[PDB]
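Visitor: Below are the structure tokens for one structure; questions will follow.
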Amino acid sequence: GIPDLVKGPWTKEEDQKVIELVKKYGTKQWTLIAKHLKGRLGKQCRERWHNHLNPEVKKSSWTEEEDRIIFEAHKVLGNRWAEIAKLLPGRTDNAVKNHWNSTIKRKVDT
């Protein structure tokens with residue numbers, strides 16, 4: 001046994017730097033990671049800096065799928081906020097309804 005990359009086995013340590021660089025960089029120059037940690041591919045990471053970001057509409061406020069639904073529910077029934085909410089458990093009719101004139105009132109000043 002003892003294949004290549006044995007004359008210098010990297011670990012979380014060196015990898016810890018890449019994280020310090022990706023953060024200090026913003027995850028744009030993936031070349032750094034690799035260029036930094038050679039021997040192997042600088043991949044196997046995206047699944048953390050690329051697969052993470054996913055906040056809300058305004059933290060606590062509405063969400064994504066929630067925004068869409070409503071944005072794709074008012075065109076299915078109408079001002080049935082009573083129903084719109086019925087879809088998303090948590091908010092009420094007075095919620096979605098307002099949410100319409102809140103930030104979901106784009107199509108108005110056509």
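Chain labels follow the order of the structure tokens: the first chain is A, the next B, and so on; residue numbering restarts at 1 in every chain, and ligands are counted from 1 in their shown order.
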Neighbouring residues of range 62-75 of chain A were defined as those with any atom within 7 Å, considering only C-alpha atoms; residues of the same chain fewer than 3 positions away were excluded. Please report them as a PyMOL selection string.

Guide: chain A and resi 56-58+78-79+84+88+104

Visitor: Please, could you write that set of residues out with N, CA and C atoms as a PDB file, in the first residue's frame?

Guide:
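File again03.pdb, as written:
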ATOM      1  N   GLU A  56     -34.145  33.919   3.808  1.00  0.00           N
ATOM      2  CA  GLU A  56     -35.581  34.093   3.674  1.00  0.00           C
ATOM      3  C   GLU A  56     -35.889  35.367   2.884  1.00  0.00           C
ATOM      4  N   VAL A  57     -37.164  35.725   2.875  1.00  0.00           N
ATOM      5  CA  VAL A  57     -37.602  36.915   2.164  1.00  0.00           C
ATOM      6  C   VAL A  57     -37.125  38.158   2.917  1.00  0.00           C
ATOM      7  N   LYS A  58     -36.944  37.989   4.218  1.00  0.00           N
ATOM      8  CA  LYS A  58     -36.493  39.085   5.060  1.00  0.00           C
ATOM      9  C   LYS A  58     -36.283  38.573   6.487  1.00  0.00           C
ATOM     10  N   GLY A  78     -57.515  33.752  -6.984  1.00  0.00           N
ATOM     11  CA  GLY A  78     -57.727  35.189  -6.942  1.00  0.00           C
ATOM     12  C   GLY A  78     -57.199  35.782  -5.634  1.00  0.00           C
ATOM     13  N   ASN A  79     -58.038  36.596  -5.010  1.00  0.00           N
ATOM     14  CA  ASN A  79     -57.670  37.233  -3.757  1.00  0.00           C
ATOM     15  C   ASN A  79     -58.072  36.327  -2.592  1.00  0.00           C
ATOM     16  N   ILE A  84     -54.911  31.103  -0.011  1.00  0.00           N
ATOM     17  CA  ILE A  84     -53.489  31.257  -0.270  1.00  0.00           C
ATOM     18  C   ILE A  84     -52.698  30.786   0.952  1.00  0.00           C
ATOM     19  N   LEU A  88     -49.867  27.651   2.776  1.00  0.00           N
ATOM     20  CA  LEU A  88     -48.707  27.807   3.637  1.00  0.00           C
ATOM     21  C   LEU A  88     -49.171  27.966   5.086  1.00  0.00           C
ATOM     22  N   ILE A 104     -45.225  41.752  -3.169  1.00  0.00           N
ATOM     23  CA  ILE A 104     -45.764  40.967  -4.267  1.00  0.00           C
ATOM     24  C   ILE A 104     -46.762  41.818  -5.053  1.00  0.00           C
TER      25      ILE A 104
END

Visitor: Which residues come within 10 Å of residue 82 in chain A, counting only C-alpha atoms, excluding same-chain residues fewer than 6 positions away, as a compact mmCIF listing (two decimals) with N, CA, C and O atoms, in the first residue's frame?

Guide:
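So result30.txt came out as:
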# COMPACT_ATOMS: atom_id res chain seq x y z
N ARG A 91 -48.91 31.58 8.16
CA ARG A 91 -49.43 32.90 7.84
C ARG A 91 -50.95 32.85 7.70
O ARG A 91 -51.53 31.79 7.49
N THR A 92 -51.56 34.03 7.82
CA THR A 92 -53.00 34.14 7.70
C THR A 92 -53.38 34.79 6.37
O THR A 92 -52.54 34.97 5.50
N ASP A 93 -54.66 35.13 6.26
CA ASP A 93 -55.17 35.76 5.06
C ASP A 93 -54.70 37.22 5.01
O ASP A 93 -54.25 37.70 3.97
N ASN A 94 -54.82 37.88 6.16
CA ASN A 94 -54.41 39.27 6.26
C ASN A 94 -52.90 39.38 6.02
O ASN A 94 -52.38 40.47 5.81
N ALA A 95 -52.25 38.23 6.07
CA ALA A 95 -50.81 38.18 5.86
C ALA A 95 -50.52 38.20 4.36
O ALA A 95 -49.94 39.16 3.85
N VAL A 96 -50.92 37.13 3.69
CA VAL A 96 -50.71 37.02 2.26
C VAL A 96 -51.31 38.24 1.56
O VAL A 96 -50.63 38.90 0.77
N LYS A 97 -52.56 38.51 1.88
CA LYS A 97 -53.26 39.65 1.30
C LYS A 97 -52.32 40.85 1.25
O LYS A 97 -52.03 41.38 0.18

Visitor: Taking only C-alpha atoms into account, which of A:52, A:46, A:77, A:59 comes nearest residue 19 in chain A?

Guide: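 Of A:52, A:46, A:77, A:59, the one nearest residue 19 in chain A is A:46, counting only C-alpha atoms.
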
Visitor: If you count only C-alpha atoms, which residues fall within 10 Å of residue 10 in chain A, apart from same-chain ones fewer than 5 positions away, as an MDAnalysis selection string?

Guide: chainID A and resid 5 15 37:40

Visitor: So which bits of chain A end up alpha helix (DSSP H) when you DSSP the backbone, as a PyMOL selection string?

Guide: chain A and resi 12-25+30-36+46-49+64-71+81-87+93-102

Visitor: For the atom pair CA of residue 42 in chain A and CA of residue 21 in chain A, what is the interatomic distance in Å to one decimal place?

Guide: 12.8 Å

Visitor: If I take CA of residue 49 in chain A and CA of residue 26 in chain A, how far is one from the other in Å, to one decimal?

Guide: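 Here the two named atoms are 8.9 Å from each other.
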
Visitor: Contacts of residue 48 in chain A at 12 Å or less, counting only C-alpha atoms, minus same-chain residues fewer than 6 places along, as a list in words?

Guide: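 Using only C-alpha atoms, the neighbours found are residues 19, 22, 23, 27 and 54 of chain A.
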